[PDB]
Structure formats: structure tokens, C-alpha cells
């Protein structure tokens, strides 16, 4: 399976600050036939299942705020939250749906200082 490695494991920050998290895939998820990145980000709030946040590396899922921005390509991706809000506190996972079994990184937990 393709291995997804994220960093940092956990990120502490205060409300309103910018947050950036990285993700690297053991092999490229950029398909040479259509130039699309089969890379998604899922948001997992405490005690909840992972919910789709972003896909195609940079496309936002219905209902996701503009403050969330996915970028990167090939094997290196990044999720950026320009100004972290209270409702954004959760563990974020990058995942590849390039080839089965689709796989997840081990996540980055975003907390608010304390």
C-alpha cells in the first residue's frame, strides 16, 4: 500500500493564527494520464469519524470554509488554515485514493494552546 506520512504529529496554536500541516506519499499520487492528484484531506473532530474536507489536492468539499487551502502535487502536499477557528480543532488526515487499498496518514492533531 502507499504510505502517507504527516508532520508534525501535533500542532498547538491560538485562535486566529495560521496553521500549516504537511503530508508526503511514499509514491506519487499524480496520475500521468490526466494530471490529477488523487489526494484528499479528511477532518476528524474528537469522537467522530473522518469527514471529507478537501480532494484533488486543492478542491474544497461542500460546506468547507475558504480559510482551508490544500496545495502541493506528486508526493508532497500541504493543508493551510489561514486563521484557525474554534470549530477547526481536530485531527487532520491526508489520504490517497490513487490505488486500493486507499490509505491514510496517521494524522496531525490541531489544538488550541493549553
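Numbering follows the first chain given and starts at 1.
- Comparing the deposited coordinates for 84-92 and 33-41, the stretch with the larger average C-alpha B-factor is 84-92.
- The stretch 11-19 shows the higher mean C-alpha B-factor when 11-19 is compared against 98-106 in the entry.
- Within the listed group 65, 50, 74, 70, the record reports its top CA B-factor for 65.
- Residue 2: CA B factor in the middle third of modelled residues in this chain (values from the PDB entry).
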